[PDB]
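Chains as they are written, first to last, in the authors' numbering: chain P, 2 to 84; chain D, 66 to 218; chain G, 2 to 142; chain C, 1 to 203; chain K, 2 to 137; chain O, 2 to 81.
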RNA sequence: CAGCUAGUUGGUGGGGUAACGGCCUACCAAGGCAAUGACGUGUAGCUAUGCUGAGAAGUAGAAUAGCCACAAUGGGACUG
RNA sequence: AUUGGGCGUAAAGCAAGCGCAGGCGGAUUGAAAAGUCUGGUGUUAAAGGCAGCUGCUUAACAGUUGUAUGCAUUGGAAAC
RNA sequence: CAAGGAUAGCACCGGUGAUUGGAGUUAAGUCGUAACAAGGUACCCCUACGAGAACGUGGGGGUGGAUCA
RNA sequence: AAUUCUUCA
């Protein structure tokens with residue numbers, strides 16, 4: 002690909018289904034009502050190519066690619082090892 | 066001295082038989098050049114009450130200087146649960162305040178200043194809030210003396 | 002030298018410093034003691050170096066872990082405080098941040114405002130010279 | 001309105017004359033009170049900022065013959081740019097065609113000049129105009145369509161009319177120019193600038 | 002007020018009701034529903050004409066009308082001015098406002114341009130509560 | 002074009018022909034307020050040539066404006 | 001308004017589209033969304049903006065113009 | 001009520017307690033850059049809001065010139 | 001594939017609905033006088049019973065109570 | 001045991 006480097010660091014939760022992993026991403030910003038710093042979590046289901054593996058408990062990176070299925074728009078490139 | 070008067074009340078104490086109608090007056094006095102004061106009095110007739118108020122206002126004067134014609138910082142008059150906010154104004158735009166406070170700050174000798182009342186609209190406590198707000202301020206020469214600096218830089 | 006009295010932090014040295022200095026000014030006291038951090042020594046230095054305080058000593062013990070600090074208040078004879086009030090802006094319950102262009106002046110800019118920049122805690126206008134922003138910790142007048 | 005039609009009715013109540021003193025000087029009985037059934041002392045009943053502010057507004061906008069929305073437009077115009085509001089306002093209120101023609105000595109009354117300008121008997125920089133609305137900037141010449149030479153009102157005005165300091169003109173050639181801005185002390189000082197300006201908080 | 006609660010519990014505005022609920026609704030014939038366009042005034046037909054005494058501080062003998070509008074709502078209204086020209090189901094046009102002598106009445110009557118004509122002999126303030134100016 | 006009645010002011014703009022008049026456009030070229038034909042049209046003189054070289058066809062009235070200012074001569078010889 | 005969800009989430013062969021794709025299909029699967037508010041209901045074309053306000057913003061989405069949807073209502077397809 | 005309020009007697013402290021989740025949170029040290037600071041690049045249609053200028057007998061207006069604000073991307077430092 | 005058509009049964013939201021429950025507001029309307037003082041039986045709160053009502057009484061609690069103390 | 005005192009300022 003050529004698109005911008007999507008920085009979507011987050012704790013991948015489960016690869017309960019084959020060649021598919023669900024990762025939650027945490028985003029911090031300023032709430033536009035009281036200027037309080039607030040975070041939200043959002044889920045994303047991504048495809049694992051197979052040459053690189055993502056496991057449970059990791060904090061991995063996600064990039065954009067062509068749509069493979071319904072609500073699966075992304076693929077994984079880098080996997081931070083376990084702890 | 067200009068000796069302008071502000072809102073007057075109609076009060077009466079109660080005894081056996083009718084009521085003792087004896088209203089009170091409040092007044093502000095100033096030379097429009099730096100010396101100002103205020104007073105409150107009561108009497109049976111208008112001229113006597115006015116004269117007593119003028120006396121009690123004029124004996125109890127206090128001094129305040131003029132910085133370029135306005136105040137250079139913000140003050141919050143806080144007395145008797147009646148706030149009033151004062152914010153600095155440019156070299157000149159025209160006086161903006163409430164009527165009673167308009168008289169108070171015009172008779173002091175200021176050109177223009179940002180004024181807005183908060184809370185109650187009772188003139189006497191409003192004047193007192195203006196007083197303690199304008200008095201408890203401090204000068205750049207004051208901080209120059211107390212801080213280890215000759216001139217404020 | 003042998004403070005002899007047990008002390009402890011409040012919840013955060015930032016609020017504790019202002020509360021203790023305000024209480025000392027109100028009660029016309031000389032010094033107080035408070036838990037010391039590198040942020041504490043930095044803030045004390047950058048506030049005293051502008052004539053708003055006096056000598057402050059950081060006090061540690063035989064070990065390298067227990068540190069406190071006590072500061073002398075700025076005063077003039079007849080006991081008129083040089084400090085005319087403090088109000089902390091950044092709170093543990095509410096973070097506040099301000100860019101360079103919107104750093105407010107101290108009631109005309111005549112006073113001193115302490116801004117925690119990305120590289121050094123240091124006052125308002127001399128930070129406006131370097132345009133480096135940060136968070137505002139306290140208004141002192 | 002463009003013209004009320006009565007001039008004494010307000011100089012009576014407002015207490016000051018339209019001109020120096022010649023209008024309300026004497027015509028059988030000199031009076032300086034309010035007209036109607038109320039010849040009586042009224043000076044200690046409604047004295048306050050609003051009352052005299054309105055009185056000064058009314059005095060000013062009958063001195064200059066302008067209505068209230070016209071002057072609101074003028075105040076909006078002068079509020080746009082920098083400058084002391086009182087000075088600019090007092091300078092622009094004098095910058096009307098009729099009042100300049102009055103000050104030049106070409107008319108014995110401002111209202112006659114206002115009628116004549118709308119009647120198209122005056123040239124604005126070698127061009128005609130029937131709208132007394134433009135503000136006169138320095139460096140502009142005026143002539144009165146010299147066909148007007150036979151008009152009795154204009155020769156009567158030019159006979160011994162009061163020549164204003166801030167304006168220059170020749171009456172034997174009916175040709176004039178507006179050279180300099182007005183000073184505070186060179187104009188009728190009966191208007192309190194601070195009081196009239198402070199009346200306006202709506203804009 | 003602790004801000005950690007305000008994020009979890011946003012503040013709410015009061016936004017008190019209007020001075021006139023009846024003058025807002027309109028009614029069509031399309032299996033009618035209820036809609037509001039904040040109508041300044043509405044046409045109606047009277048059904049009741051009578052009189053009623055005011056509350057405690059004063060005393061008089063006013064006149065009221067029970068008018069059904071283009072909507073299903075029926076509402077009381079006040080008749081202003083001298084005289085009376087309501088004759089038991091004549092079309093009328095309402096106007097907003099409020100009265101204090103008659104509780105439960107908040108509507109005046111535009112008097113002058115309908116089957117009801119505003120009385121003469123009224124020349125001061127004759128535009129409001131209409132009355133044709135006599136020629137002189 | 003947009004302006005006052007009895008006094009039009011047509012801005013010359015290169016835009017696709019499938020959008021309505023005076024609608025959304027891409028780049029601004031110039032303006033014409035009709036009170037003279039000697040010096041009343043002014044263009045950036047660079048973006049117009051860029052548009053004409055990247056594929057465009059001038060509007061019917063725009064040819065005169067291009068001819069008045071003397072731009073056609075460098076145009077055609079640029080093409081061939 | 002505490003459950004919603006059954007081509008719903010995922011895999012492989014194939015078809016189809018301007019293309020990715022449950023868009024469809026054969027089989028295998030058992031998932032997916034939800035208190036950081038889905039689902040249900042109520043009202044609403046969105047935006048630049050207009051008014052007010054010092055501002056954070058309250059409010060109307062006039063006219064105008066950008067985008068979306070509709071053409072008696074509900075459907076279907078050809079032409080290009 | 002973020003800039004901008006209170007809960008002794010004026011409306012308001014749940015009867016009290018145990019506490020999951022959430023939020024807040026002592027000191028040293030390195031790293032990280034998620035926020036936070038910040039150079040550059042791209043973009044935020046036009047008109048209109050605003051500031052100058054030109055013309056319609058002049059304001060109304062029309063035109064022209066410039067004008068903030070948010071967002072992405074990229075490079076730098078690490079007080080909290 | 002299928003717009004629609006017919007059938008039957010669930011879910012949601014209204015309009016009206018004999019008769020009735022109470023509610024608010026009204027020039028001087030009828031019964032008693034509960035409370036404000038020790039309101040003449042201290043009041044108030046919770047609860048249960050009872051009376052045409054004002055409310056009375058029983059149990060628990062407070063002074064937001066009076067004087068003698 | 002021990003009660004009521006018509007609206008209007």
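Virtual Cβ for every residue (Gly too), placed ideally from N, Cα, C.
- Assigned with DSSP and collapsed to three states, residue 131 of chain C falls in coil, not helix or strand.
- Listed by position along chain D, the residues whose Cβ is nearer than 7 Å to that of residue 52 of chain G are 212, 213 and 214.
- One finds 96 in chain G with Cβ atoms closer than 8 Å to the Cβ of residue 38 of chain P, taken in chain order.
- The segment 119-137 of chain C makes no contact with the segment 167-174 of chain C, as fewer than three CB pairs between them are under 8 Å.
- Against chain K, the beta carbon of residue 35 of chain P has neighbours under 7 Å at 4, 7 and 8, listed in chain order.
- When the beta-carbon positions are compared, residue 174 of chain D and residue 99 of chain D come within less than 7 Å of each other.
- Within the same chain, 136, 138 and 140 come within 8 Å of residue 202 of chain D by CB-CB distance, once the 5 residues on both sides are set aside.
- Against chain G, the beta carbon of residue 138 of chain D has neighbours under 8 Å at 108, 109 and 111, listed in chain order.
- Around residue 83 of chain G, the beta-carbon contacts reaching into chain D at under 7 Å are 211 and 212.
- Using a Cβ distance threshold of 7 Å, residue 54 of chain G and residue 75 of chain G count as a contacting pair.
- Among the CB atoms of chain C, one or more fall inside 7 Å of the CB of residue 159 of chain D.
- Residue contact check for residue 198 of chain C against chain D: a CB pair falls below 7 Å.
- Considered as a whole, the segment 38-70 of chain C harbours 49-63 as its complete alpha helix (DSSP H) runs of no fewer than 4 residues, in chain order.
- The Cβ neighbour count for residue 107 of chain K, taken over all protein chains shown within 10 Å, is at least 16; the residue is labelled buried.
- Checking the DSSP bridge columns, you'll see residue 140 of chain C partnered with C/178.
- Between the beta-carbon of residue 161 of chain D and that of residue 180 of chain D there is about 6 Å, and that keeps the pair under the 8 Å contact cut.
- Assignment of beta strand (DSSP E) within the segment 8-69 of chain K, counting only whole runs of 3 or more residues, yields 44-51 in chain order.
- Within 7 Å of the CB of residue 84 of chain C, the CB atoms of chain D belong to 157, in sequence order along the chain.
- Of P/6, P/13, P/78 and P/15, the smallest CA-CA separation from residue 52 of chain P is found for P/78.
- With distances taken between CA atoms, residue 114 of chain G lies nearest to G/84 out of G/95, G/93, G/94 and G/84.
- Contact annotation: the segment 6-21 of chain P touches the segment 60-74 of chain P, with at least three C-beta pairs closer than 8 Å.
- Scanning its chain for C-beta atoms nearer than 6 Å, with the 5 sequence neighbours on each side dropped, one finds around residue 101 of chain C the residues 107 and 113, in chain order.
- Looking from the CA of residue 33 of chain O, the closest CA among O/24, O/3 and O/72 belongs to O/3.
- Per DSSP, residue 14 of chain O is not a residue of any beta strand (DSSP E), being assigned neither H nor E.
- When D/145, D/82, D/88 and D/167 are compared, the shortest CA-CA separation from residue 95 of chain D is found for D/167.
- By the criterion of a C-beta distance shorter than 7 Å, residue 56 of chain P is surrounded in its chain by 83, once the five residues flanking it on both sides are discounted.
- By alpha-carbon distance to residue 57 of chain K, the top candidate from K/16, K/65 and K/104 is K/104.
- Spatial neighbours of residue 94 of chain C in its own chain (CB-CB distance under 7 Å, excluding positions within 5 residues in sequence) are listed in chain order as 182 and 187.
- Secondary structure at residue 131 of chain G: helix, using DSSP grouped into helix, strand and coil.
- The segment 83-94 of chain K and the segment 41-58 of chain K touch, with three or more beta-carbon pairs separated by less than 8 Å.
- Residues of chain K whose Cβ lies closer than 9 Å to the Cβ of residue 32 of chain P are, in chain order, 8.
- Per DSSP, residue 112 of chain D is not a residue of any beta strand (DSSP E); the alpha helix (DSSP H) it occupies stretches across 111-124.
- Straight-line spacing of the CA atoms in residue 51 of chain G and residue 14 of chain K works out to 47 Å.
- For residue 93 of chain D, no chain G residue has a C-beta closer than 7 Å to its own C-beta; the minimum C-beta separation is roughly 26 Å.
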